[PDB]
Amino acid sequence: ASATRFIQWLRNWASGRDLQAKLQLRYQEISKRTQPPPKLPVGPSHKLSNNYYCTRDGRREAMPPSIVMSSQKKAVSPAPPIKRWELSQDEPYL
Amino acid sequence: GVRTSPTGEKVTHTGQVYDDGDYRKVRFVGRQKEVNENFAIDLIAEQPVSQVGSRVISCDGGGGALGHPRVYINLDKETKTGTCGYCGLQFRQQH
Amino acid sequence: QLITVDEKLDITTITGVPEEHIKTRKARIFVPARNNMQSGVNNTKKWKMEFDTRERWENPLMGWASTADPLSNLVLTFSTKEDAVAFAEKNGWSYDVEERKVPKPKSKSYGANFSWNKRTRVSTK
Amino acid sequence: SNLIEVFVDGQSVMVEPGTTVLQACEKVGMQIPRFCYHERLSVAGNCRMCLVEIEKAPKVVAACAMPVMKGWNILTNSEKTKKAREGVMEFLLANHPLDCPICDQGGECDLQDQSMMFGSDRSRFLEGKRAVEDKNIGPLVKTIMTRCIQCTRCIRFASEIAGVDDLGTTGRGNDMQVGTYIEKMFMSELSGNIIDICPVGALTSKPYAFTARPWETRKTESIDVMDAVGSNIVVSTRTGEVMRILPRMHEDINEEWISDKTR
Amino acid sequence: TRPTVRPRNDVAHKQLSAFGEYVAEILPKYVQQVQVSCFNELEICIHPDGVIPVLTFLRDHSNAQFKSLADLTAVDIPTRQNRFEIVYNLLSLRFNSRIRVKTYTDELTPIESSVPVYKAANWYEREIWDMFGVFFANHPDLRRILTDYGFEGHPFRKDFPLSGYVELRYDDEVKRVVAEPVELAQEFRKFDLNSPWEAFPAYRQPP
Amino acid sequence: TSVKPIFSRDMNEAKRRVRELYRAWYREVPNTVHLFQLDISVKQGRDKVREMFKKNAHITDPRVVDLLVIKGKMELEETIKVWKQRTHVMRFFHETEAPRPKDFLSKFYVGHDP
Amino acid sequence: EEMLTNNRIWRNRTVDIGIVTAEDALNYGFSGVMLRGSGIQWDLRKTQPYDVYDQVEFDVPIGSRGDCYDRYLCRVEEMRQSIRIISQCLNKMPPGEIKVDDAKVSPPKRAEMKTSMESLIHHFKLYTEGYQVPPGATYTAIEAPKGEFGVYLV
Amino acid sequence: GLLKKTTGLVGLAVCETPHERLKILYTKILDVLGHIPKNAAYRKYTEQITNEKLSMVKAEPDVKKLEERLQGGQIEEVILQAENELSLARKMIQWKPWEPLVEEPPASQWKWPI
Amino acid sequence: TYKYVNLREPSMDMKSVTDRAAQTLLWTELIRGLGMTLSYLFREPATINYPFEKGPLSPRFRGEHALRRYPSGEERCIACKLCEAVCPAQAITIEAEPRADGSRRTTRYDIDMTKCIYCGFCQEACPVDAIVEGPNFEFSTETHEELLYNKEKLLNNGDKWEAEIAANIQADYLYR
Ligand SMILES: CCCCCCCCCCCCCCCCCC(=O)OC[C@H](COP(=O)(O)OCCN)OC(=O)CCCCCCCCCCCCCCCCC
Ligand code: SF4
Ligand code: SF4
Ligand code: SF4
Ligand code: SF4
Ligand code: FES
Ligand SMILES: [K+]
Ligand SMILES: [Zn+2]
């Protein structure tokens with residue numbers, strides 16, 4: 001930021017970019033190192049009623065695997081064939 | 001307070017001190033035995049007992065959520081004070 | 001094409017264990033006793049194999065518990081007593097097996113607390 | 001011959017008459033939650049943690065005390081059952097003190113563990129808690145009675161096992177207190193066992209106080225030599241040092257008790 | 001759609017179940033079990049003789065096309081007579097799907113090498129041999145890959161101690177690194193953590 | 001007792017692979033001493049090789065013998081290709097381990113280990 | 001890119017060096033840029049997306065020669081796309097809590113731990129015993145920066 | 001349609017005559033499938049999917065519109081897959097996976113948790 | 001969606017072909033690379049003048065450990081052993097017993113700072129904010145033994161650093 005006008009021009013020309021607009025050294029645009037206190041929100045389970053844990057218990061909904069076959073019609077694939085990708089419209093070729 | 005053994009070695013707040021004849025004190029020759037000087041047992045005794053007007057008082061150590069879990073202390077016995085089990089502060093029921 | 005091998009299973013020479021820790025150790029095969037501090041029985045389901053406790057000593061620098069026993073923390077879990085014994089045999093460990101202890105079935109009756117003429121009458125509730 | 005058929009979650013099981021719902025669940029390997037019930041003590045039925053639904057019955061029954069009836073289907077995992085456990089756990093913890101970090105029971109506490117498995121994960125209690133004065137019953141058992149959950153196990157053990165009618169409840173209501181009323185010492189040769197059967201840190205071992213935590217101890221199953229009974233024991237050690245002695249269940253010797261000299 | 005609970009996907013569960021029995025219909029000689037987990041992962045449990053036929057079929061069949069071997073590993077379960085479970089995790093790019101193939105062996109039974117099916121399996125089988133001691137027949141170059149030269153034992157077995165049996169230091173007398181029996185200044189502190197109260201009734205084993 | 005073999009159908013075929021490995025190790029010791037610039041003699045090296053084979057002489061299962069041979073060939077290849085360093089080759093001689101007398105009284109004096 | 005991309009020395013060192021065919025890359029178990037440099041159209045963020053990758057727009061760079069130079073261009077373009085994703089995350093960041101509101105898995109807030117009995121019990125147990133996980137086995141993978149990173153967790 | 005300059009996949013060459021190549025390959029697969037037992041599930045399923053692909057090839061003379069129907073990527077990818085299927089079919093003749101399960105596992109082989 | 005990184009056909013017209021010949025013969029693209037490093041020569045360097053200047057840190061920074069007190073001077077630690085239980089490295093060792101006034105307090109509290117992974121789990125687990133990771137990171141030693149902290153060392157650290165630690169906790173406790 002303290003570079004003279006001539007030096008700014010020199011490095012701007014050599015690089016071919018306007019380097020002063022996107023300097024890699026940080027100055028006054030950064031956040032202050034002291035901040036006001038936060039006040040974080042609470043989650044969906046912070047209620048005083050209609051909140052029985054048995055109705056929101058993910059761990060107790062897990063079940064043992066479904067036995068499809070054990071040693072105790074059209075052909076199928078594991079899933080539908082993957083759809084072909086599209087070329088980008090933002091920039092198809094780099 | 002931090003005392004010294006008859007050998008001169010300081011006694012820690014946990015009562016540790018190498019005895020007269022323990023070779024392990026050679027580790028301090030040319031160096032020093034680290035010993036914290038502020039004994040918490042003596043510091044907490046310095047605090048005055050707090051007089052409250054209820055049978056049950058609560059303590060959280062002070063500072064809100066910077067203290068300890070909030071506990072409730074029964075002050076029905078007059079022969080002694082209620083002591084916080086976390087921070088050691090003492091309470092008594094006035095008359 | 002399969003082959004016949006009728007000898008007992010002995011893998012002690014291809015496990016890489018030092019000989020001292022094969023022939024001088026004593027495996028204990030047992031079902032852990034319930035922790036009497038709690039009523040839950042979930043830790044008395046499976047068979048355990050542990051080894052004999054060896055010397056622990058105080059570290060001169062810190063006073064920590066030092067050991068020279070590589071098996072001091074080794075505990076294996078087995079579904080049945082037969083599984084544990086078979087594992088001990090093939091690895092060359094001598095072992096003791098302790099039979100499973102199952103709580104006796106008790107006869108409980110709330111009514112007995114108020115017996116007309118028996119000693120089970122309770123003086124307080 | 002006289003066995004009757006009952007169902008635990010639809011699974012048939014044949015049980016003798018007089019068997020309680022709780023004992024029927026045991027036969028299929030299901031352990032009903034409990035606090036006041038001890039299989040070696042008289043039935044009390046006061047904690048209500050064992051409440052369980054019977055299919056087609058509109059009222060949950062106390063599993064520890066209710067005899068089974070033929071054809072009953074016990075729903076050990078119904079929403080009706082799960083909600084009963086959550087409600088009781090919520091009441092149990094309403095006045096319980098926030099003592100876990102300083103309480104010796106921490107890590108092997110039935111209240112902690114059953115709150116984890118059967119209770120809710122949060123509190124909605126916005127009041128102040130009860131606080132109770134502690135009571136000196138001798139040099140072996142320390143009492144922190146604000147942790148007591150009034151299960152009366154200690155009273156029943158002292159009366160029935162130890163044959164000492166010194167413990168009881170005084171007052172009533174929320175102010176009901178377990179103790180001796182007067183200043184008395186519970187100095188029986190079996191007194192230390194009440195530390196084991198107290199589900200919470202209300203009764204703890206004075207010699208053991210503050211020295212260890214359950215998860216860090218190594219359990220060596222061994223035998224007592226303080227007398228000729230040969231009581232089976234667990235020697236708890238940590239980092240090369242003996243920390244305490246616990247009973248080990250042996251039905252034909254010491255059941256699940258040890259003497260105070262052994263302990 | 002309760003906010004803290006992972007949502008189910010029954011469409012994937014149905015598709016994977018149908019393909020599971022499709023594989024069982026085609027390779028009955030080797031397939032012992034087919035299961036789909038509640039989070040939609042398909043596992044084929046096979047006889048060890050079927051490693052090459054089954055893996056070839058999943059790679060090359062037009063309705064399978066599992067071209068990529070994502071992972072190959074082993075698990076040690078001492079309570080089983082065949083203590084080693086061999087697990088193949090395969091990926092199908094064509095059908096955007098994954099499948100797990102599992103078999104078993106014991107300390108003394110060789111498993112056919114799957115390098116012919118997947119060149120990726122080369123180092124995975126060396127790792128399994130190194131860490132578990134399972135021998136793979138017809139491997140082009142089977143030897144330790146992770147352990148030190150001359151290391152004795154197979155560390156990932158459940159009965160191998162955490163800290164092993166030997167440790168290294170520099171010795172001035174012999175002017176080299178030496179190996180000596182392990183001694184620890186502070187022994188590792190075993191913790192007994194399991195709660196004595198059952199956690200998951202849905203998985204309770206019959207008594 | 002019908003089990004899949006590794007290499008050898010029976011002990012007769014396995015002992016043939018054992019002898020082949022012993023020859024390979026026996027011929028290799030002179031190179032190992034020379035290449036690693038060890039301060040031991042070829043006689044000590046071959047005595048050590050002999051001691052390693054002898055400890056396993058009591059095996060009767062062909063599958064176990066096959067695995068011992070497989071490991072023996074792996075060990076030999078590590079040595080021939082100088083994947084091992086001098087420290088690895090010398091670990092067979094445990095030169096820094098102090099004597100541990102193996103009689104009851106000597107153990108009794110030093111500690112509790114049986 | 002000014003230093004390297006069009007530099008003839010850089011191209012001499014990377015162009016046609018280490019060519020891997022699409023078929024070999026698959027059979028050898030390659031992933032990530034090691035597949036996409038050879039023309040394979042695969043990226044787990046697109047095909048098997050996770051936490052909120054299905055809600056952000058980005059392009060997968062694809063190579064045409066499967067050599068070091070094409071893999072270098074793919075990594076350079078992936079950095080640009082990362083910046084593109086980061087921009088959308090900055091704008092679409094939602095409010096709310098940041099761990100699952102279920103104290104049998106995620107520890108309670110410190111203020112709750114110091115006031116509520118249930119919260120203290122759960123804090124105590126989560127930091128000692130830890131949460132139990134239902135029995136099972138999963139292979140889970142992500143599109144890590146270096147390729148497919150997964151765990152087989154039993 | 002205009003020829004492909006590249007398939008886009010390193011090492012996958014463009015095919016000048018994809019329709020003819022696919023007809024040859026599917027016809028071969030059906031031929032090899034004729035030596036497999038009629039009731040073997042592999043033959044029934046592979047015949048069904050092979051005949052579907054072959055029908056689509058005959059009914060669509062445009063490669064790009066054929067690629068869309070086949071849903072297997074570039075047409076050169078479909079050809080490679082047809083070649084892989086043929087190789088597998090020859091192998092399954094020698095494996096005979098349609099035979100009954102060679103052996104049941106031990107009692108608790110697949111029981112988890114233990 | 002995808003994009004091709006390297007799939008472009010150069011123009012074959014006379015001007016383009018002569019532009020490429022000039023680039024080949026006159027090294028234009030190499031000269032352009034020289035311009036970029038030249039522009040950097042005249043930029044202010046990013047170096048800071050350590051130890052007179054310090055790299056920025058935040059209140060959450062995990063550094064050297066310390067044992068804290070209440071404002072009264074009593075120790076916060078009540079020997080619950082949660083930190084010892086959670087420690088991923090088993091770097092914490094604790095012994096405790098009733099103090100002479102009956103308090104629940106430690107007689108040993110060691111942190112092996114060569115085992116520790118400086119993860120901060122211990123300070124998360126502590127229910128009373130007794131054990132923390134302070135902001136100090138300049139405590140390299142000359143011997144290994146100097147990094148085996150016992151309770152006296154950790155209490156001295158707390159007394160030494162409490163002024164900064166308390167201000168850091170104040171800044172971040174509403175995020176915890
Ligand atoms: C009246 C009629 C007059 C008749 C006479 C007319 C003559 C003039 C017209 C002829 C052309 C004049 C220019 C000739 C210069 C030499 C050209 C040359 O050799 O460079 C081309 C060389 C080719 O290599 P490449 O690009 O990889 O591909 C070639 C494919 N076979 O590529 C290279 O050599 C690249 C070199 C790489 C290393 C460069 C590292 C330094 C770069 C910065 C140097 C800047 C120049 C400094 C000069 C300072 C001199 C004091
Ligand atoms: S009794 Fe149990 S729940 Fe109550 S404070 Fe003690 S450990 Fe915590
Ligand atoms: S002191 Fe313990 S055993 Fe006695 S009633 Fe209270 S909780 Fe139950
Ligand atoms: S920071 Fe982590 S590794 Fe270090 S002592 Fe604390 S919990 Fe242990
Ligand atoms: S530092 Fe905190 S977590 Fe560790 S033992 Fe002390 S009070 Fe418990
Ligand atoms: S266990 Fe049944 S009411 Fe207490
Ligand atoms: K108790
Ligand atoms: Zn307090």
Side-chain angles (χ1 to χ4, degrees), chain B residues 44 47 50 57-63 66-73 82-91, chain C residues 39 108 110, chain D residues 20-23 25 31-39 41-52 60-66 84-85 88-89 92 97-99 101-102 110 114 118 149-153 156 199, chain G residues 114 127, chain I residues 62-67 70-72 74 76 78 81-94 103 109-126 128 130-134 147 149 154:
Chain B
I44 190 56
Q47 293 311 299
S50 160
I57 202 74
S58 75
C59 184
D60 65 359
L66 300 179
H68 61 63
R70 188 205 292 130
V71 291
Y72 296 80
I73 295 143
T83 310
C84 184
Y86 279 99
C87 70
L89 286 176
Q90 286 173 264
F91 308 81
Chain C
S39 295
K108 309 303 296 182
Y110 186 70
Chain D
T20 70
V21 172
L22 180 148
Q23 292 181 297
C25 290
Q31 190 177 23
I32 297 279
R34 77 290 299 283
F35 284 108
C36 79
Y37 172 80
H38 198 281
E39 78 185 325
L41 302 179
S42 83
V43 177
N46 66 56
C47 81
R48 314 310 280 169
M49 202 47 192
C50 69
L51 290 174
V52 69
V60 295
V61 308
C64 65
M66 178 57 83
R85 293 161 180 171
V88 171
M89 176 60 42
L92 278 173
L98 268 84
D99 275 15
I102 55 159
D110 270 349
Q114 294 185 84
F118 308 109
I149 57 163
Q150 286 83 38
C151 81
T152 74
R153 274 191 189 179
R156 287 174 277 141
Chain G
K114 292 184 202 205
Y127 279 106
Chain I
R62 320 200 292 258
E64 202 192 15
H65 298 63
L67 283 170
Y70 291 108
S72 61
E74 168 71 270
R76 271 162 181 276
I78 38 66
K81 298 174 151 272
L82 262 45
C83 60
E84 187 186 46
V86 77
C87 184
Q90 290 213 341
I92 303 176
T93 310
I94 308 191
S103 214
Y109 195 106
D110 307 327
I111 300 187
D112 184 337
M113 311 285 293
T114 67
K115 276 193 202 84
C116 168
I117 59 152
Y118 302 79
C119 73
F121 285 10
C122 46
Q123 86 186 330
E124 303 165 18
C126 187
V128 294
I131 185 65
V132 309
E133 270 194 90
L147 291 170
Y149 288 9
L154 284 152

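As the structure lists them, so they are numbered: ligands from 1, and atoms in each ligand from 1. Just so it is clear, the values below take in all heavy atoms, side chains as well, and ignore hydrogens, waters and symmetry mates. Just so we're on the same page: letters track the sequence lines, and every chain starts at 1.
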Contact with ligand 4 for I:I117, non-hydrogen, under 4.0 angstrom: yes
Side chain to side chain, I:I92 and I:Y109, heavy atoms closer than 4.5 Å: yes
Contact partition for I:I92 relative to ligand 4, non-hydrogen atoms under 4.0 Å: side chain
Distance, nearest 0.5 Å, that separates OG1 of D:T20 from NZ of C:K108: 9.0 Å
Min heavy-atom dist I:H65 to ligand 4 below 4.0 Å: yes
Protein heavy atom at shortest distance from atom 8 (Fe) of ligand 4: I:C87 SG, 2.3 Å
Side chains of D:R153 and D:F35 in contact at under 4.5 Å (non-hydrogen atoms): no
Protein N, O or S atoms lying under 2.8 Å from atom 2 (Fe) of ligand 6, listed by chain and number: D:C50 SG, D:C64 SG
D:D99 side chain vs D:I102 backbone, donor-acceptor pair below 3.5 Å: no
Atoms in ligand 4 flagged as close to I:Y118, the criterion being non-hydrogen separation under 4.0 Å: 1 (S), 4 (Fe)
Residue and atom name of the nearest protein heavy atom (relative to atom 7 (S) of ligand 4), distance in Å to one decimal: I:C122 N, 3.3 Å
Any donor-acceptor pair under 3.5 Å from D:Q23 side chain to D:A63 backbone: no
For a quick test of your reading: what N or O donor-acceptor pairs under 3.5 Å do the side chains of residues 82-89 of chain B make, sequence neighbours left out?
| from | atom 1 | to | atom 2 | distance (Å) |
| --- | --- | --- | --- | --- |
| B:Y86 | OH | D:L98 | O | 2.7 |

Listed partners of B:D60 passing side-chain contact (heavy atoms from CB on, under 4.5 Å), at least two apart: B:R70
Atom 4 (Fe) of ligand 4 to nearest N/O/S of I:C116 less than 2.8 Å: yes
Side-chain donor/acceptor of D:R156 to backbone N/O of D:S42, under 3.5 Å: yes
Side chain, backbone, both or neither: the part of I:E133 lying under 4.0 Å from ligand 4 by heavy atom: side chain
Within-4.5 Å side-chain heavy-atom neighbours: I:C119 and I:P88: yes
Identity and distance of the protein heavy atom lying nearest atom 2 (Fe) of ligand 4: I:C119 SG, 2.3 Å
With sequence neighbours excluded, residues passing side-chain hydrogen bond (donor to acceptor under 3.5 Å, both in side chains) with B:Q90: B:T81
Which of the ligand 4 atoms, numbered from 1, are nearer than 4.0 Å to a heavy atom of I:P88: 2 (Fe), 7 (S)
Non-hydrogen side-chain atoms of D:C50 and D:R85 separated by less than 4.5 Å: no
